[PDB]
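The sequence lines fix the lettering, A, B, ..., with proteins before strands; numbering per chain opens at 1.
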Amino acid sequence: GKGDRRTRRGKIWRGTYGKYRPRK
Amino acid sequence: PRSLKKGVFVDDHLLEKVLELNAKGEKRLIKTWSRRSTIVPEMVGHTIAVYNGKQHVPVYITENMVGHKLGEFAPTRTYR
Amino acid sequence: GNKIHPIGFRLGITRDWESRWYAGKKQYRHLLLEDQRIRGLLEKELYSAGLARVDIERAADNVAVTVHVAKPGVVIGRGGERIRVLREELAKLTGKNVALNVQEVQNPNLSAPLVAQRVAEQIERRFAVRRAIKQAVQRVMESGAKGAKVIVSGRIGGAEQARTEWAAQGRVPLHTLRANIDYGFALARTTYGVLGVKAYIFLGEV
Amino acid sequence: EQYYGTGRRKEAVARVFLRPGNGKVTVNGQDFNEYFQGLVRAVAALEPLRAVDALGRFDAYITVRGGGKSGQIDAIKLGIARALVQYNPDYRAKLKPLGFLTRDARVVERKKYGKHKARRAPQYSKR
Amino acid sequence: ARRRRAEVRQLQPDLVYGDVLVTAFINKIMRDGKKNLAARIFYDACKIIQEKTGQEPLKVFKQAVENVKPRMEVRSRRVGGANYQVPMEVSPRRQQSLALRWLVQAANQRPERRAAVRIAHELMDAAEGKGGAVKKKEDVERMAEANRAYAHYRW
Amino acid sequence: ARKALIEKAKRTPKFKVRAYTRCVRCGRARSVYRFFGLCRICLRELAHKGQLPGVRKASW
Amino acid sequence: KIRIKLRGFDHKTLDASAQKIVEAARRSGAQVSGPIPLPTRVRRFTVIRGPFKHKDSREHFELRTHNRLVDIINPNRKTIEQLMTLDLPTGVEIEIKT
RNA sequence: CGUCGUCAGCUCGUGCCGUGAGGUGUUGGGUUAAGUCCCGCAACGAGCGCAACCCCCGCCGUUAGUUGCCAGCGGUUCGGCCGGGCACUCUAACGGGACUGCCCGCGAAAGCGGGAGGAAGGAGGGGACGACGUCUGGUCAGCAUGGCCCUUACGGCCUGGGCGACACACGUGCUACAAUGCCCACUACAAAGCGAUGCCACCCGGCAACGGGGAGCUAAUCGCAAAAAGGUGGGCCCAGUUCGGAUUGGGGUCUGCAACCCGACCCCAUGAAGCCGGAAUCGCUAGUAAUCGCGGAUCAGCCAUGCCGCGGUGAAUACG
Ligand SMILES: [K+]
Ligand SMILES: [K+]
Ligand SMILES: [K+]
Ligand SMILES: [K+]
Ligand SMILES: [K+]
Ligand SMILES: [K+]
Ligand SMILES: [Mg+2]
Ligand SMILES: [Mg+2]
Ligand SMILES: [Mg+2]
Ligand SMILES: [Mg+2]
Ligand SMILES: [Mg+2]
Ligand SMILES: [Mg+2]
Ligand SMILES: [Mg+2]
Ligand SMILES: [Mg+2]
Ligand SMILES: [Mg+2]
Ligand SMILES: [Mg+2]
Ligand SMILES: [Mg+2]
Ligand SMILES: [Mg+2]
Ligand SMILES: [Mg+2]
Ligand SMILES: [Mg+2]
Ligand SMILES: [Mg+2]
Ligand SMILES: [Mg+2]
Ligand SMILES: [Mg+2]
Ligand SMILES: [Mg+2]
Ligand SMILES: [Mg+2]
Ligand SMILES: [Mg+2]
Ligand SMILES: [Mg+2]
Ligand SMILES: [Mg+2]
Ligand SMILES: [Mg+2]
Ligand SMILES: [Mg+2]
Ligand SMILES: [Mg+2]
Ligand SMILES: [Mg+2]
Ligand SMILES: [Mg+2]
Ligand SMILES: [Mg+2]
Ligand SMILES: [Mg+2]
Ligand SMILES: [Mg+2]
Ligand SMILES: [Mg+2]
Ligand SMILES: [Zn+2]
């Protein structure tokens with residue numbers, strides 16, 4: 001969930017971007 | 001998962017002081033207050049006394065120690 | 001241990017700001033530290049004149065500084081030399097080089113900043129606290145005003161135990177916004193300690 | 001020719017223009033069931049008509065912006081009710097009871113300090 | 001509620017059966033305010049009551065709610081010495097509130113893997129006199145009546 | 001606000017990092033707003049006196 | 001056509017001294033785009049009332065910057081007369097272009 | 001500044017009663033959110049407080065068009081894109097309106113119940129605001145200040161360490177234990193804010209963090225920007241798992257003189273406890289609780305899951 005660094009929610013919650021949450 | 005970048009850091013107090021001990025020998029002991037300086041090849045063999053915030057600890061340096069900071073061998077806290 | 005500063009609580013209405021000049025996120029903190037150094041040395045000088053306020057306005061490298069006092073003849077000096085050395089402190093401080101004015105106070109007994117400053121001095125001279133207060137209120141309440149109130153802290157009379165003396169007349173509806181209640185806090189460094197003096201004056205409503 | 005009542009809800013503004021015709025409703029271009037659908041709610045926005053008995057007589061061009069869809073769904077409930085008033089005012093005498101004309105004042109309450117969410121207060125032990 | 005008598009809330013009738021009772025049940029099924037997802041569920045399950053029954057879902061639903069309503073329940077009350085479980089009539093409104101709360105509760109205790117199925121089967125099983133909810137209703141009713149000896153604590 | 005500490009004012013901190021803000025009025029280190037140069041306390045006192053232009057008691 | 005923008009902390013020191021730079025342009029130039037509002041930039045400061053602990057008190061402070069537009073269509077050289085240097089606002093700042 | 005406590009109170013002046021402390025007034029009946037108002041009364045009035053005057057949010061009108069619209073006509077690379085126009089949305093400024101006025105009933109009155117009209121009633125919803133006083137309450141490490149004490153040091157500069165210690169115990173929280181769920185893809189509605197060595201469009205390299213290049217922006221005209229939950233499709237199929245992301249190994253980005261002690265961040269690998277929690281105990285009465293994400297203050301960076309704010313979705317229940 002929001003705690004998984006390697007997921008979408010993981011990145012949203014952690015406010016970051018990357019492989020698992022591309023900057024579009 | 002450590003990091004530094006592209007320009008490894010080392011304080012020049014010894015960076016050159018150490019290499020000078022190579023220019024004419026090797027010497028004995030050294031005293032630093034830069035536990036923040038990376039360890040590089042030219043240090044191996046030497047024996048540097050790193051400050052643990054209270055004293056200067058005799059830290060012998062080996063090949064398998066390069067890359068590590070000096071502080072990593074001079075523990076600051078005294079426990080049980 | 002409560003109560004909003006009667007002034008700050010009204011800045012919106014029945015009370016305008018002292019420093020009323022515009023600025024931007026890069027100037028502001030600067031054009032402010034200035035006013036403080038202004039009122040700073042400004043207040044440690046025009047003390048005897050009795051300053052009930054210090055306004056300030058700006059447009060660009062220009063600063064009003066409409067100093068309100070009850071004894072103008074102290075900021076003027078010998079015929080008019082005081083106002084000279086003073087406007088010299090101005091430019092040597094704020095290199096902005098700006099004007100300066102003076103506004104007499106029509107009865108320094110309707111300006112709490114003074115009524116309080118008064119009691120403070122009396123106290124600093126070993127006056128009789130409960131009396132001074134009692135009188136000051138009477139003085140203020142005598143020359144107009146719909147109400148007034150003075151409050152001195154503790155150590156009243158070098159007493160080892162701090163207290164708080166009262167006194168107040170007429171109305172002083174602190175909860176009413178359209179009040180228009182001047183407020184002034186006078187310190188009072190004495191031999192044994194320090195005493196706070198607050199003054200409230202209710203000058204008409206609406 | 002045309003009719004138009006605004007309508008607002010929980011910070012949502014809806015432009016509702018009723019025009020004689022079939023009854024195909026548009027919303028920001030998309031078809032009614034195109035801007036909504038998947039929202040069992042939506043159907044209610046067109047309740048104003050059903051009440052007065054419209055539907056088969058008016059078409060509707062609608063603009064919608066601000067807040068969230070269920071909110072919009074309600075602002076539109078007013079548009080179609082306010083515009084439907086300009087048409088025949090004898091309709092107001094039929095939407096009063098239903099209350100479709102009433103603007104819904106219910107809004108998000110301010111987040112106060114000391115609290116976690118305006119009212120939700122932090123928990124304590126006392127031991 | 002110390003001062004007033006607390007009036008009851010009114011709910012917008014169902015966007016389908018145009019029934020208020022349905023919305024009530026919908027809200028009990030709701031969770032974290034996801035009223036959409038909540039509504040779906042009742043509906044899908046509402047369909048599943050057919051093609052399993054030739055009857056209308058609403059009639060099924062409304063009669064399940066009925067068999068789960070408790071007519072007596074035991075409430076506490078200290079009378080010097082301890083607490084005596086006192087039996088007593090259940091108000092027309094609490095009956096409904098209890099009935100629905102219980103259905104969603106029993107429903108979610110079922111093994112059926114997906115929501116709509118669970119509400120559906122509980123709805124059905126309830127309608128004919130069986131199921132978690134009805135069990136509860138009977139344990140309660142049995143509680144009261146099992147304490148007839150404290151009936152004189154009316155209140 | 002110890003004095004030997006109001007040394008802060010140093011265009012020559014040696015390292016931009018060590019350059020910390022302080023309260024223009026009290027020397028207070030923590031809670032020193034940037035738009036005013038003042039600290040959290042001073043900011044409230046002055047705003048009350050009306051000396052902070054525009055600054056008003058917000059309510060909504 | 002001269003783009004005008006009036007900013008300030010006072011909603012009267014602008015809204016008002018924004019008609020002086022419109023009336024003094026109604027009879028000397030075009031019709032002017034009248035005075036245009038523009039949203040405000042409210043900056044809030046939330047601080048703790050007491051000087052030590054008691055972090056659940058707070059009290060709020062805002063410093064809202066109001067804005068105005070105007071815009072005088074037709075760079076009337078006859079309007080530049082009444083204007084130029086004739087006003088009464090002290091707590092204002094102007095930003096204008098062509 | 002916190003606190004009982006937004007509690008409905010605390011007093012005064014004169015008169016009257018009492019040898020006196022004091023009392024009456026402020027008690028009583030009705031009523032109210034209220035010492036709110038009514039009636040009564042040796043009291044008649046008054047101050048602090050309540051309420052109101054202020055801010056925000058609900059509806060409407062006036063004034064104003066570099067933000068909105070084929071509403072409406074024409075052009076369209078069919079994007080409000082251009083002409084164009086301020087009706088609409090909106091922006092921000094002034095003003096309107098609600099008073100138990102308005103109708104039936106009860107009532108001595110205040111006011112209570114109910115309806116009509118209205119966007120809204122009866123304190124419409126939320127703030128700012130918190131009496132005389134209490135707690136020898138909190139802070140002399142914000143600042144101020146009496147006394148006291150140190151004045152090659154209880155002052156000062158610096159490098160390094162410490163405030164980050166860990167057998168343990170508690171508080172406040174975060175993420176969970178899953179199918180009303182998790183994942184991937186695609187697609188949709190927000191508000192309030194911030195932005196010059198600043199937000200960073202768009203482009204290229206990199207799985208990515210980010211790096212190189214670089215348009216616009218003094219910012220209703222450009223950027224932070226994606227809102228998320230939601231909708232659609234596909235997957236997982238009840239398993240400690242495609243639940244959950246602790247811990248640890250490796251590689252690397254970035255800020256900064258410098259990340260060992262002691263930063264955040266990306267990627268690979270690892271993949272812990274946890275199957276809804278004993279006694280006990282906390283919050284919340286409506287757009288609230290619950291749930292979802294968004295901004296800011298401080299700030300190089302950040303240990304923020306904190307704090308102060310914004311809007312989306314949106315309950316249950318209150319006999320008493
Ligand atoms: K969750
Ligand atoms: K609490
Ligand atoms: K009474
Ligand atoms: K109100
Ligand atoms: K004390
Ligand atoms: K549980
Ligand atoms: Mg996972
Ligand atoms: Mg995920
Ligand atoms: Mg002495
Ligand atoms: Mg919310
Ligand atoms: Mg000092
Ligand atoms: Mg720093
Ligand atoms: Mg600082
Ligand atoms: Mg407190
Ligand atoms: Mg009250
Ligand atoms: Mg007598
Ligand atoms: Mg008396
Ligand atoms: Mg008396
Ligand atoms: Mg008495
Ligand atoms: Mg009595
Ligand atoms: Mg009263
Ligand atoms: Mg209007
Ligand atoms: Mg009446
Ligand atoms: Mg009668
Ligand atoms: Mg009040
Ligand atoms: Mg103490
Ligand atoms: Mg202490
Ligand atoms: Mg600590
Ligand atoms: Mg905990
Ligand atoms: Mg690429
Ligand atoms: Mg699926
Ligand atoms: Mg797993
Ligand atoms: Mg399981
Ligand atoms: Mg709790
Ligand atoms: Mg930051
Ligand atoms: Mg950490
Ligand atoms: Mg955040
Ligand atoms: Zn300070």
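Nearest-nucleotide assignment on RNA chain H puts the 5′-proximal partner with G/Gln31, out of G/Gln31 and B/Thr38. Residues A/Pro22 and G/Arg68 each lie close to RNA chain H; by heavy-atom proximity, the contact nearer the 5' end of the strand is made by G/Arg68.
Listed candidates were H/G160, H/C308, H/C267. Nearest to the side chain of A/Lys19 is H/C267. When distances run from any side-chain atom of B/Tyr51 to the nucleotides H/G65, H/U89, H/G160, the shortest one goes to H/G160. Of the candidates H/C257, H/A51, H/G49, H/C257 carries the atom nearest the F/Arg18 side chain, counting heavy atoms from C-beta on.
Taking the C1' atoms as reference points, H/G230 lies 32 Å from H/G127, given to the whole Å.
Both conditions of the stacking definition, centres under 5.5 Å apart and planes under 30° apart, are satisfied by the base rings of H/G61 and H/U62.
Both the sub-6.0 Å distance and the 45° axial angle are satisfied by G/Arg44 relative to the ring of F/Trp60. With a 6.0 Å cutoff to the six-membered ring centre and a 45° limit on the axis angle, D/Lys69 counts as a cation-pi contact of D/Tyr35. With a 6.0 Å cutoff to the six-membered ring centre and a 45° limit on the axis angle, F/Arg22 does not count as a cation-pi contact of F/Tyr20.
Stacking annotation: F/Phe15 is stacked on the base of H/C257 (ring centroids less than 5.5 angstrom apart, interplanar angle below 30 degrees).
For the pair A/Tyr17 and H/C265, the criterion of a side-chain N or O lying under 4.0 Å from OP1 or OP2 is not met. Within the 4.0 Å cut-off from OP1 or OP2 of H/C112, not a single side-chain nitrogen or oxygen of E/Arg4 is found. The phosphate of H/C319 has neither OP1 nor OP2 within less than 4.0 Å of any side-chain N or O from E/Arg75. For the pair E/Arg118 and H/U180, the criterion of a side-chain N or O lying under 4.0 Å from OP1 or OP2 is met. When the side-chain nitrogen and oxygen atoms of F/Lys3 are compared with OP1 and OP2 of H/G156, none of them lie within a distance under 4.0 Å. Considering only side-chain N and O atoms, D/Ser70 lies under 4.0 angstrom from the phosphate OP1 or OP2 of H/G314. Distances shorter than 4.0 Å separate none of the side-chain N or O atoms of D/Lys112 from OP1 or OP2 on H/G309.
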Could you write out each protein N or O paired with an N or O of nucleotides 292-296 of chain H at a distance under 3.5 Å?
| unit_1 | atom_1 | unit_2 | atom_2 | d |
| --- | --- | --- | --- | --- |
| H/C292 | OP1 | A/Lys2 | NZ | 2.6 |
| H/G293 | OP2 | A/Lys2 | NZ | 3.2 |

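By the ring pair (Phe, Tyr, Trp, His ring centres under 6.0 Å) test, C/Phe202 pairs with no residue at all, sequence neighbours left out. Residues passing the salt bridge (charged side-chain N to carboxylate O under 4.0 Å, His left out) test with A/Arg5: none are found, sequence neighbours excluded.
A perpendicular orientation is assigned to the rings of B/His68 and B/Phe73, their planes being inclined by more than 60° (bins at 30° and 60°). Classification of the E/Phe42-E/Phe25 ring pair by plane angle, with boundaries at 30° and 60°, yields perpendicular.
Within the nucleic acid shown, G/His11 comes within 4.0 Å of sugar-phosphate atoms alone, with no base atom in reach, counting heavy atoms only. Contacts of B/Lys5 with the nucleic acid, taken as non-hydrogen atoms under 4.0 Å apart, include base atoms.
Base pairing analysis places H/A34 opposite nothing; no Watson-Crick or G-U wobble pair with both distances below 3.5 Å involves it. Base pairing of H/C143 is not made with any nucleotide, judged by Watson-Crick or G-U wobble geometry with both donor-acceptor distances under 3.5 Å. Pairing for H/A185 is with H/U232, a Watson-Crick or G-U wobble pair whose two hydrogen-bonding atom distances lie under 3.5 Å.
Base orientation of H/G79: syn, the glycosidic angle falling within 90° of 0. Using a 90° window around 0 for the glycosidic torsion, H/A239 falls inside it and is classed as syn.
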